[PDB]
J.: 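Handing you this structure, nothing more for now.
To find a chain, count down the sequence lines: A is the first, B the second, and so on, and within it residues start at 1. Both backbone and side-chain heavy atoms feed into the values below; hydrogens, waters and symmetry mates do not.
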Amino acid sequence: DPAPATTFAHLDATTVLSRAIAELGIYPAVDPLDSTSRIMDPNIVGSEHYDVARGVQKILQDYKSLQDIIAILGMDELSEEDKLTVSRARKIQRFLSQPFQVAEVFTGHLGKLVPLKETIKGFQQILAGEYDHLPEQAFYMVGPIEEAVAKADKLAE
Amino acid sequence: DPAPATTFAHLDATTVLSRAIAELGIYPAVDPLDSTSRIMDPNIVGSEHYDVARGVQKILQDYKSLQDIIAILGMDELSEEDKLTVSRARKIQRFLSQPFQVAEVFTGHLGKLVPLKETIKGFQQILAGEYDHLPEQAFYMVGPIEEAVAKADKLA
Amino acid sequence: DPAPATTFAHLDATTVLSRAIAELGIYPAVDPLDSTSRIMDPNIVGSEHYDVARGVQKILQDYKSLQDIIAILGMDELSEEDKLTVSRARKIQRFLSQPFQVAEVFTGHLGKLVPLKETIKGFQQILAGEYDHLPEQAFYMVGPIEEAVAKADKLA
Amino acid sequence: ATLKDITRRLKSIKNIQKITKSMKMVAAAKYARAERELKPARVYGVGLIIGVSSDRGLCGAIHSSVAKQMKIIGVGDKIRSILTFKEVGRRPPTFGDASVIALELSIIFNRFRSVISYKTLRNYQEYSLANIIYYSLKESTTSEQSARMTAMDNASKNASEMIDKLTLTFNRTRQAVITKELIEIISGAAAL
Amino acid sequence: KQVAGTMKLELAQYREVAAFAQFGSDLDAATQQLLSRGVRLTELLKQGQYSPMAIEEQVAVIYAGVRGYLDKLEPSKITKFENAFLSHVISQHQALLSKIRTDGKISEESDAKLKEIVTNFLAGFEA
């Protein structure tokens, strides 16, 4: 639409929100494959932050291109490393969600704020395979990674 | 389109005919999920009439949702429970067809008029699984359910 | 689109140049199945021209149907009729190529302008199986059918 | 409905078409080697519920066919899941496979007819048992790979038809969108 | 012109088979190779920002791919291999890069040099 389309060029960072993502209960509803920042550069944020971010974006795009394909031809046709990107991606989709302090009246959860380094560490550990054993839902709607580990325990019984 | 779109609010019963359905040989080509009535209400038509109707529409809706999968992969990739809703839905879709007196030249069948209680009975019986052993084609272009049974027998 | 649709009302033919065909070394890179003509009709070009063209199209179509089976079973697992259609189709594919006069500089080979009756005759004879004994490459970049015989002789 | 929808539906179905086509060709290769291997196994076939299929689906009614005859041992992981031996099907079955099964211990399997069709002393008894397990296995895989080939060929051609249809729908919508937008502009302009 | 032509062709062959990569368990040796070469050439077309390359550095990188030297290298390591490989040829092999530029093409000598730089460097890289 001309109005938002003309606006993009005026920005240094863009956070693009998606109804399709909100509809899944993933809040904030940020499209991780349509959000940009002029400072997203290894020389500015450092190579660890850059690398983790691009790795997150890569696995999510890889999953995205697999979805519609495996929604018809089935999961069991996947290689034991392809289905590992699926499980990891679906965990990463959820760890991107977060309870907002301002959103308590909507979530029933207490608001969370996550320091930059903790964010990096968390998505870095998931990508490395450190939490392949934990269930998907453990990562949904929490703050730092440790909360996903604790939630997985609550869920056990 | 503005003309038909605006027309819907002036009606108590809408009968919406569909080309896709006509082209499958289903006549009258009524869309059973796009046709509605302001008196489709258990307090007016009775609970039995009301429940059969909603149950027919549910299975038709459930069938419709299964059609993208069927298109690509066909029947054999469906669960046994899904094959059953498919087979029954296809029998129902056919039992909604009817030879019109006015259309005898096009159908090659004698026109039929079915009393309400028989219509309810017929669809009630299909839904209850009473004719799961019968072939689809038996239910096409007949009147009351008994004609579907006779057609299945004549097909032998 | 209105633009091609409006244009197509006027066209009596299409010449389709294809990159796939060019990468097979076939020049001119004309797609033999994709190109069409409105006057490809026995009542206009004659029954003989029509039957030979239609015979070339059929064999090329048929050869396309076997290509999956070649990639799967191998060429020594084809019936003696199917072995023969691959042999002939491939020679036909090559005899459809032709050196151009306008390219005598870049290539060094003499360009060929082939009369219609010779074109018809050449392809008539390959279909009839008159050159089953000749090697496939003899039909590549040649003019009239005699030059394919002369190229077969020159290839020792 | 919308151009964006159509574009995304078209993206995946074009993928599905290529995947099912490749699968058809892999299955064609397995079936070819399976049929040539079934000849010196059928004449060898001349000399409790046991169910024989495979782990792998997308081969039409291969698994559901034998499961219908079923209602206890299952060779093929799809038998245990619908209703125990795993990793059968992916590699062609050997007499070694038949012996491994008999060592652990009516037999129901699919008899190959064509690509299109299939129909569902204490040391002598040990051999004739392994002989039966083997014969079923060799028939099983010929039928399954033929069926997967046919199923995938069918799915590929279906996708292909769906692509065409969606492409026409796409272009009808595309043209409508351009015209609608243009009429809004002209109506806005002429009203001045 | 030399290496780009080879790469263009092998990337096209890859593209034909590309969708059968993540769904290819029982592919024949030939199609297995087209994928292997494709993924590696694709990785070699990746490039960092703000670091444009001399044409001879470009051809030396593409050479490693089109001549099959990286076919057994895990694809995730390619960008790392290239960066280090390029650093090395720039530092220790200016003469070689010079000759690729001057000779117009890649001679029998340049070809023999690269073969030995690449294979030895690669084994060190994977050590």
Side-chain angles (χ1 to χ4, degrees), chain A residues 76-77, chain B residues 76, chain C residues 72-74 77, chain D residues 23-152, chain E residues 25-26 28:
Chain A
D76 290 353
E77 291 295 314
Chain B
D76 294 330
Chain C
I72 294 306
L73 284 157
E77 285 279 79
Chain D
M23 292 183 72
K24 176 205 82 179
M25 295 288 276
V26 171
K30 289 183 181 185
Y31 154 63
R33 289 292 281 247
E35 212 240 293
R36 293 162 68 263
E37 209 166 297
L38 187 66
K39 284 190 72 181
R42 273 182 171 177
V43 67
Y44 186 86
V46 183
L48 219 177
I49 294 293
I50 300 166
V52 192
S53 73
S54 82
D55 305 8
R56 211 187 155 166
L58 287 172
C59 58
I62 285 279
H63 310 291
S64 64
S65 225
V66 296
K68 215 88 68 181
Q69 209 88 198
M70 215 106 296
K71 224 163 208 169
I72 310 102
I73 285 167
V75 45
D77 206 60
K78 213 84 173 190
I79 304 299
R80 90 133 111 100
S81 63
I82 266 72
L83 275 5
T84 313
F85 291 93
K86 222 197 96 171
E87 223 62 56
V88 339
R90 282 269 180 186
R91 304 290 178 249
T94 313
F95 199 87
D97 288 328
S99 292
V100 168
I101 298 166
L103 216 158
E104 201 67 45
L105 184 75
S106 51
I107 190 165
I108 298 98
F109 68 94
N110 295 308
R111 199 179 71 253
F112 173 87
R113 290 221 221 103
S114 53
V115 281
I116 323 143
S117 185
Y118 61 87
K119 186 174 190 183
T120 314
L121 271 303
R122 228 185 90 120
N123 295 281
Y124 180 83
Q125 196 266 345
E126 287 175 340
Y127 202 70
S128 43
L129 173 68
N131 280 177
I132 257 292
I133 315 297
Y134 176 68
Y135 177 52
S136 66
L137 237 40
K138 289 246 84 78
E139 288 275 1
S140 190
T141 52
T142 316
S143 298
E144 181 200 349
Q145 298 297 327
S146 254
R148 186 131 61 236
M149 188 192 72
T150 302
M152 260 25 194
Chain E
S25 311
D26 329 86
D28 44 284

J.: Measure the spacing between OG of D:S106 and CD1 of D:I50 and express it to the nearest 0.5 Å.
T.: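 It comes to 7.5 Å.
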
J.: Using the six-membered ring wherever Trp is involved, compare the ring planes of D:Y44 and D:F95 and label them parallel, tilted or perpendicular (cut-offs 30° and 60°).
T.: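 It falls in the perpendicular class, over 60°.
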
J.: Could you list all the salt bridge (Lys or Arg N to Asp or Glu O under 4.0 Å) pairs where at least one residue sits in residues 112-132 of chain D, not counting sequence neighbours?
T.: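 Counting only pairs at least two positions apart or across chains, no salt bridge (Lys or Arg N to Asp or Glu O under 4.0 Å) contact touches residues 112-132 of chain D.
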
J.: Identify the two heavy atoms, one from D:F85 and one from D:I73, that lie closest to each other, and give their separation to 0.1 Å.
T.: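 D:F85 and D:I73 have their closest heavy atoms at CE1-CG2, 4.2 Å.
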
J.: For residues D:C59 and D:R148, report the shortest heavy-atom separation together with the two atoms involved.
T.: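 The answer is CB-NH1, 3.3 Å.
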
J.: Judged by atom type as modelled, is there a donor-acceptor pair below 3.5 Å linking the side chain of D:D55 to the main-chain atoms of D:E87?
T.: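 Yes, D:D55 side chain to D:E87 backbone: donor-acceptor pair under 3.5 Å.
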
J.: Quick check: closest heavy atoms across D:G89 and D:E144, and the distance to 0.1 Å?
T.: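 Heavy atoms of D:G89 and D:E144 come nearest at CA-OE1, 4.4 Å.
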
J.: Which distance, rounded to the nearest 0.5 Å, do you find between the OG1 of D:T142 and the CG of D:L38?
T.: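 So the gap between those two atoms works out to 4.0 Å.
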
J.: Look up atom CE in D:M25 and atom CG in E:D28, then write down how far apart they are to the nearest 0.5 Å.
T.: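 Atom-to-atom, D:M25:CE and E:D28:CG are 9.0 Å apart.
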
J.: Any donor-acceptor pair under 3.5 Å linking the side-chain atoms of D:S140 with those of D:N110?
T.: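 No - no donor-acceptor pair under 3.5 Å links their side chains.
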
J.: If you look at every heavy atom in D:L83 and D:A67, which pair is closest and at what distance?
T.: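 So the two residues come closest at CD1-CB, 4.4 Å.
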
J.: More than 12 heavy atoms of other residues, nucleotides or ligands under 6.0 Å from CD1 of D:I72: is that the case?
T.: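 No, CD1 of D:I72 has 12 or fewer neighbouring heavy atoms, counting only those of other groups under 6.0 Å.
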
J.: So do D:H63 and D:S54 actually touch side chain to side chain, heavy atoms under 4.5 Å?
T.: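 Counting from C-beta outward, D:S54 and D:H63 do come under 4.5 Å.
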
J.: Verify the neighbour count for atom CG of E:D26: are there more than 12 heavy atoms of other residues, nucleotides or ligands below 6.0 Å?
T.: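 Counting other residues, nucleotides and ligands, CG of E:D26 exceeds 12 neighbours.
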
J.: To the nearest 0.5 Å, how far apart are NZ in D:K78 and CG in A:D76?
T.: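 Between D:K78 NZ and A:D76 CG, I get 6.0 Å after rounding to 0.5 Å.
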
J.: Run the side-chain contact (heavy atoms from CB on, under 4.5 Å) test on D:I108 and D:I49 for me, step by step, so that the C-alpha distance in whole Å, both residues' side-chain angles and the decisive distance to 0.1 Å come before the verdict.
T.: CA-CA 8 Å; D:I108 298 98; D:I49 294 293; 4.1 Å; yes

J.: Can you tell me how far CG of C:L73 sits from CZ of D:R36, rounded to the nearest 0.5 angstrom?
T.: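 D:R36 atom CZ to C:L73 atom CG measures 9.0 Å (nearest 0.5 Å).
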
J.: Under 6.0 Å from the CZ atom of D:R90, do we count more than 12 heavy atoms belonging to anything else shown?
T.: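 Check passes, neighbour count above 12.
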
J.: Looking at residues at least two apart in the chain, or sitting in another chain, which of them share a ring pair (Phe, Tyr, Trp, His ring centres under 6.0 Å) with D:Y135?
T.: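 With neighbours one apart ignored, the set is D:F109.
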
J.: If you define the side chain from C-beta out and look only at heavy atoms, does anything of D:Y31 sit under 4.5 Å from D:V115?
T.: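 Yes; the side chains approach each other to less than 4.5 Å.
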
J.: Between D:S65 (side chain) and D:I62 (backbone), is there a donor-acceptor pair under 3.5 Å?
T.: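 Between the backbone of D:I62 and the side chain of D:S65 there is no qualifying donor-acceptor contact (under 3.5 Å).
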
J.: Can you confirm whether D:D77 sits close enough to D:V88 that some side-chain heavy atom of one is under 4.5 Å from a side-chain heavy atom of the other?
T.: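 The answer is no, as the side chains (C-beta and beyond) never meet within the 4.5 Å cut-off.
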
J.: Are the side chains of D:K68 and D:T120 in contact, using a 4.5 Å heavy-atom criterion?
T.: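 No, their side chains stay 4.5 Å or more apart.
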
J.: Is there side-chain contact between D:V66 and D:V52, with at least one heavy-atom pair below 4.5 Å?
T.: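 No - every pair of side-chain heavy atoms lies 4.5 Å or more apart.
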
J.: Please find the pair of heavy atoms, one from D:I79 and one from D:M70, that lie closest to each other, and give the distance.
T.: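 Shortest heavy-atom separation between D:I79 and D:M70 comes out as CG2-SD, 4.1 Å.
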
J.: Does anything in residues 39-52 of chain D form a salt bridge (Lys or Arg N to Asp or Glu O under 4.0 Å)? List the pairs, not counting sequence neighbours.
T.: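 The answer is D:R42-D:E139.
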
J.: Would you indicate whether the side-chain heavy atoms of D:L105 and D:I133 approach each other to under 4.5 Å?
T.: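 Side chain of D:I133 against side chain of D:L105, heavy atoms only: no contact under 4.5 Å found.
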
J.: Salt bridge or not for D:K138 and D:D97, using N-O below 4.0 Å?
T.: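 So D:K138 does not pair with D:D97 through a salt bridge.
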
J.: Do you know which two heavy atoms are closest between D:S146 and D:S114, and how far apart they sit?
T.: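 Residues D:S146 and D:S114, closest heavy atoms: OG-O, 4.1 Å.
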
J.: How many angstroms lie between atom NZ of D:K86 and atom CZ of D:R80, to the nearest 0.5 angstrom?
T.: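 D:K86 atom NZ to D:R80 atom CZ measures 7.0 Å (nearest 0.5 Å).
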
